[PDB]
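Reviewing the structure listed below.
We name chains A, B, ... by the order of the sequence lines, and we start the count at 1 in each one. Reckoned from all heavy atoms, side chains included, excluding hydrogens, waters and symmetry mates.
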Amino acid sequence: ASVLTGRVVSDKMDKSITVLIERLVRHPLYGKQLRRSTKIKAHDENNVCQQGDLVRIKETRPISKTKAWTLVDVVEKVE
Amino acid sequence: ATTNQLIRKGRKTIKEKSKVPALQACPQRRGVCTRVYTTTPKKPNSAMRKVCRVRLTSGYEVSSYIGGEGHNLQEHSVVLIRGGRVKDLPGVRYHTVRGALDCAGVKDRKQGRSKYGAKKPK
Amino acid sequence: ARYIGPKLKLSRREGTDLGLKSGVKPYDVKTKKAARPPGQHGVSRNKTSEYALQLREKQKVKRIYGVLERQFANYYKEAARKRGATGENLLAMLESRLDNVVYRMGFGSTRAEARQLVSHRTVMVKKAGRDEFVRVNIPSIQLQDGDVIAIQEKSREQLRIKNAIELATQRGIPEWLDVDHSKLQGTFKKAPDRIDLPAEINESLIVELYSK
Amino acid sequence: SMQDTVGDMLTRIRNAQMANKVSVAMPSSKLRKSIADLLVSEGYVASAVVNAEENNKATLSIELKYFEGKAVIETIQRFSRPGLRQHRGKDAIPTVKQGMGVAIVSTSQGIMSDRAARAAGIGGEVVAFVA
Amino acid sequence: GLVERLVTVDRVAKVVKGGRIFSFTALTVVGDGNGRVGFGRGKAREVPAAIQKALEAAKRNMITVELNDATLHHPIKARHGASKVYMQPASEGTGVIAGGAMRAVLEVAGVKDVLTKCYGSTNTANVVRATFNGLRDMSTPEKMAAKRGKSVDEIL
RNA sequence: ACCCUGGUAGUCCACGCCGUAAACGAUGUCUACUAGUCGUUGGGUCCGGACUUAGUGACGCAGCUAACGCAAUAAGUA
RNA sequence: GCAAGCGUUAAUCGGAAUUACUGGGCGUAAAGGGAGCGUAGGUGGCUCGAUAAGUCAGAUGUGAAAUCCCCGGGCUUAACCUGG
RNA sequence: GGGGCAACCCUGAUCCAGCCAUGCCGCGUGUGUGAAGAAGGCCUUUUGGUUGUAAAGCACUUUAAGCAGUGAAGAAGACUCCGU
RNA sequence: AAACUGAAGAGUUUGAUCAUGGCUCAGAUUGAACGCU
């Protein structure tokens, strides 16, 4: 439905990971695209992925106070 | 002033403050005269210009210029003060409105009557 | 409002005939003063500036048709918006005014007397497509392609209308208007073209003035 | 160092024509050849031939034109620089000299003139204005 | 059959032992109204002699401009020193909306409708010269096509 | 005060502070391109010259500049 | 010159390219940090591929109505109302 | 819109009216004709200029306001009766 | 068919000049106030 891709910058929570999604939001006056980033905490039920991995996360019903996304696929892993 | 420098700091123009702070963005304010004196203008020219120091309802106490030939203002006279500075007078940025509340219109005015609160002669 | 005061000191300020007096006398005989502007001095020194030939060119068109600034600046706003040349869309809106047309057709000795006919409910207009002859008292009605003008039955025996026709024939009748003296009826067939009005009016000065 | 290869190309052409040089040469590249080829087909330069040099290097030589002793390329300015890229849609391509000049546009169908992009109804990166 | 118009008359002065020697400078723009235009400024102790001397300097500094039959062919941006001018073609009936210095050269050169704007310093002598450079540097679609060896149809 | 006769801190050394100068080319750093002429420093390669480099100077086109002036060591073209 | 209004004051934008994105400058007019190394960041050689995120195009959904603009229609005209 | 089977009731929402040139728009305060170019004012070189066809005079017109009539549309046809 | 139409400068530093640069002005707008009407 609504899937998002980004790296894992933290995984030191039980059944939870922090995902850093990058976007290029363009300045509304000067036209240069600035690469910004937001930290989205997703839910990793089995707690398998570590930090530094590519993960797809989809929006779902909230699982915690500040957690409403869940891990669906780990396309890439730390080298 | 590169593109990267503009999306970091950005042009910041500065707005000028009001030249008539006592009015508080109002067209006119009423006040009470605490002193009605005369003073001398600056270097280039000479005269005895009539000035009234008035305490306004905004909490400011400024000096306004009584324009016209003759007036009837004393202490505790209730006057309307508008904006507009007098170039020759240092520290006078307001004009008293003639005909408004206590200030009378200029007695024998004929041409610019509405600027001096004078009724049309019959 | 409208201008009520003397008419031959308006022309004199413009330096040309404005048709503010019915053509029974030559323009230089009705006033005989028309070399010097009105007032004490009139014809003197000082070099006129670019703004003065702009103001005087727009003041002149306003005095010809009898329209004040606010109603006349609205016309320029309609003419600018409107597609095509501004200074020619402006001259059409002013020539399509109902009070101007009952003078181009011959029922008014002058636009001021034609203003006194439209306003006093003595002229009926019929919009093209409708079949009724409404009475109107609005000088500034913009006529359109096909509108028919007719004099009111009550005031069809007017002694001032009868001699306004006689005097119009000498002045002539335009081709964008079809008049019927016997039936006291006309037709606004078409708005006049730029080459159907005098070439002494410089409409480019009018558009030049309304841009600061 | 050099961080605008396209800007260097145009600067070489701009200075060579200012100096009335017969031809301008520079290390070659497909992006440079693609722009140089468009300049030839637009009629701004005589020809542009690539000579394969040693150590897998190439030289792009452009033959310039002059009309009545004046350079044919009156102005050649870069629009989309690396510090600020400019991508435009099919209806936002800026014209050069009211259609007389060429706004070189990099579309998904390759480098081509702005009049070609509008005909194809396609946008792209407006890389330069040549007039 | 040439159209002449005076742009500005300025009073200048030179200093000597006894005092000041005042002279007058006049800047004129002469033009055919059909594409031929030229400016010149003359100096004399009297205004009529400064005006007359300006006219003769302008009739020898002339250029022919190929206009788009009512207006310019393409937007123009020119400069002379510190005055930056800009002109773009306008639709018929727009009129020459320009400042006094820009209007004089454009009106007498035959332009009837153009959009202008003057940047930098608005010195009449330099603005007239900056506009004069822009009109002389302006190009025609026929000239652009022939320059590239193509036709006007091949170059929209 | 300038001038004269003396004269102490300082100037010198070691170790630390200070962090400022008309600390200037009143010209940020790094690239590429654009007539030329004459010096000079450290190389190099050729035949006393010639050429080519990396500095350091004096001029001088185009170009730029309000002007002064800059001008391959740009204040030119990007 | 405006006109049942006309002036004055207050206030916003404009003119001001006078914060310059469009669209300015920094030798001497205000403006190069005393110099350097370097973190974040910005930007970045050539060739053959892959991907399609940016970019571009198309389709679909949505972007309320009113307002703005265009073409009309009704108020005697206009302001006003109004259909697409 | 609320209640009621309805009748009907309630509704300072709303639909209107009042006050204010506060704004936008429209109309008016007349129109033609009138010269040895009256007088009065103002200037002046003391006699001319100007106010100026402006006024007076003469011939008209009645928008708006006033007076008197007439007079749509905003109303959706409730109830009751018949028929299917 | 159309919505696609739009860009003005001036005064003021000097004995004079060009540049720089501030200040001021002409425009539009208002739920406006005030003065005369």
Side-chain angles (χ1 to χ4, degrees), chain A residues 24 29-31 33, chain B residues 1 4 6 11-13 20 23 25-28 80 82-84 95 97-100 113-120, chain C residues 1-2 4-9 21-22 24 30-33 38-40 68-69 80 83 98 109-110 112-113 116 119-122 125 134-142 159-160 211-212, chain D residues 1-5 7-8 10-12 14-16 18-19 27 29 56-57 78 82-83 87 89-90 107-108 121-125, chain E residues 12-15 20 81-82 84 86 88 90-91 94 97-100 102-103 115-123:
Chain A
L24 273 75
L29 183 58
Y30 298 134
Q33 291 194 109
Chain B
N4 207 48
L6 277 167
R11 308 275 191 206
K12 235 162 301 119
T13 206
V20 283
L23 293 176
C26 306
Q28 295 104 17
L80 224 38
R82 69 182 175 74
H95 269 82
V97 179
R98 309 283 316 233
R113 267 188 297 89
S114 80
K115 305 218 189 162
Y116 298 94
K119 308 268 150 145
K120 169 140 210 279
Chain C
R2 50 186 283 249
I4 295 323
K7 315 291 183 9
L8 295 185
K9 69 200 271 191
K21 281 291 166 149
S22 75
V24 347
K30 195 50 181 111
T31 165
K32 173 272 287 170
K33 267 162 156 142
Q40 248 199 30
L68 304 212
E69 186 54 26
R83 309 236 55 237
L98 169 74
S109 323
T110 137
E113 194 205 42
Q116 228 264 65
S119 179
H120 273 207
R121 296 162 59 63
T122 41
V125 61
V134 180
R135 273 177 100 176
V136 285
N137 71 336
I138 310 288
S140 54
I141 296 159
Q142 294 288 297
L159 262 197
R160 103 184 159 184
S211 57
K212 295 174 172 225
Chain D
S1 184
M2 169 151 333
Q3 314 207 337
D4 190 1
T5 66
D8 182 64
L10 315 183
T11 301
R12 299 220 184 181
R14 192 188 306 111
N15 294 323
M18 224 189 291
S29 160
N56 317 50
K57 291 188 309 203
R78 183 145 166 63
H87 293 266
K90 72 187 171 312
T107 78
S108 288
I122 216 172
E125 187 199 272
Chain E
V12 288
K14 189 164 91 73
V15 180
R20 277 176 258 287
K84 303 138 86 171
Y86 158 86
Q88 77 176 23
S91 61
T94 291
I97 59 158
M102 266 177 120
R103 166 178 322 274
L115 305 181
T116 79
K117 179 52 172 167
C118 202
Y119 303 114
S121 67
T122 68
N123 187 355

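Between C:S119 and H:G30 there is no side-chain N or O to OP1 or OP2 distance below 4.0 Å. Residue E:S121 places none of its side-chain N or O atoms closer than 4.0 Å to OP1 or OP2 of I:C18. Remark: D:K57 is not in phosphate contact with G:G45, judged by side-chain N or O atoms under 4.0 Å from OP1 or OP2. For C:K9 and H:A54, the shortest distance from a side-chain N or O to OP1 or OP2 is not below 4.0 Å. When the side-chain nitrogen and oxygen atoms of B:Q28 are compared with OP1 and OP2 of G:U8, none of them lie within a distance under 4.0 Å. The side chain of B:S114 places no N or O atom within less than 4.0 Å of a non-bridging phosphate oxygen (OP1 or OP2) of G:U8. Contact annotation: E:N123 reaches the phosphate of I:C18 (side-chain N/O to OP1 or OP2, under 4.0 Å). For G:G58, one of the phosphate oxygens OP1 or OP2 lies less than 4.0 angstrom from a side-chain nitrogen or oxygen of D:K90.
Among the heavy atoms of the strands lying under 4.0 Å from B:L23 are primed sugar atoms or P, OP1, OP2 only; no base atom is included. Among the atoms of the strands shown, only primed sugar atoms or phosphate atoms (P, OP1, OP2) are found under 4.0 Å from some heavy atom of C:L8. Nucleic acid contact for D:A16: none, since no nucleic acid atom lies under 4.0 Å from a heavy atom of the residue. Using a 4.0 Å heavy-atom distance criterion, A:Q33 is classed as a sugar-phosphate-only contact. Residue D:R78 is out of contact with every strand shown, counting any heavy-atom pair closer than 4.0 Å.
When each of C:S211 and E:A13 is assigned the nucleotide of RNA chain I bearing its nearest heavy atom, the one mapping closer to the 5' terminus is C:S211. Taking for each of E:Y86 and E:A82 the nucleotide of RNA chain I with the nearest heavy atom, the 5'-most of the two is the partner of E:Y86.
Under the 90° criterion around 0 for the glycosidic angle, H:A68 counts as anti. A syn orientation is assigned to H:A76, its glycosidic angle lying within 90° of 0.
The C1'-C2'-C3'-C4' dihedral of G:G33 is negative. Its furanose therefore counts as south. Here F:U5 has a north sugar; its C1'-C2'-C3'-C4' angle has a plus sign. H:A38: sugar pucker north (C1'-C2'-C3'-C4' torsion positive).
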Any protein N or O atoms within reach of nucleotides 31-33 of chain H? Criterion: under 3.5 Å, listing atom names and distances.
unit_1: H:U31; atom_1: OP1; unit_2: C:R2; atom_2: NH2; d: 2.9
unit_1: H:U31; atom_1: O5'; unit_2: C:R2; atom_2: NH2; d: 3.3
unit_1: H:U31; atom_1: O4'; unit_2: C:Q116; atom_2: NE2; d: 3.4
unit_1: H:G32; atom_1: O3'; unit_2: C:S22; atom_2: OG; d: 3.1
unit_1: H:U33; atom_1: OP1; unit_2: C:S22; atom_2: N; d: 2.7
unit_1: H:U33; atom_1: OP1; unit_2: C:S22; atom_2: O; d: 3.4
unit_1: H:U33; atom_1: OP1; unit_2: C:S22; atom_2: OG; d: 2.5

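For the strand RNA chain I, secondary-structure stems (runs of at least three Watson-Crick or G-U pairs, all distances below 3.5 Å) span G:5-9 with I:32-36, I:9-12 with I:22-25.
Nearest heavy atoms, B:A1 versus B:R11: CB-NH2, 3.8 Å.
We find that CD1 of C:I138 is positioned 10 Å from P of G:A78, with the value rounded to whole Å.
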Item to complete: List the protein contact pattern of nucleotides 12-19 of chain G with one symbol per nucleotide (5' to 3'): B for base contact, S for sugar-phosphate-only contact, - for none; contact means a heavy-atom distance under 4.0 Å.
Response: S-BSSB-B
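Under the 3.5 Å cutoff applied to both distances, G:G34 and G:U77 fail to qualify as a Watson-Crick or G-U wobble pair. With the cut-off at 3.5 Å for both distances, G:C75 forms no Watson-Crick or G-U wobble pair with G:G36.
Taking atom P in both H:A35 and H:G57, one finds a spacing of 16 Å when rounded to whole Å. Here, F:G57 and F:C70 have their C1' atoms 16 Å apart, quoted to the whole Å. As rounded to the nearest Å, F:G48 and F:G42 have P atoms that lie 15 Å from one another. Atom P of I:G31 sits at a distance of 12 Å from the matching atom of H:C24, rounded to the whole Å.
The base of I:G6 is paired with the side chain of E:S91 by a donor and an acceptor separated by under 3.5 Å.
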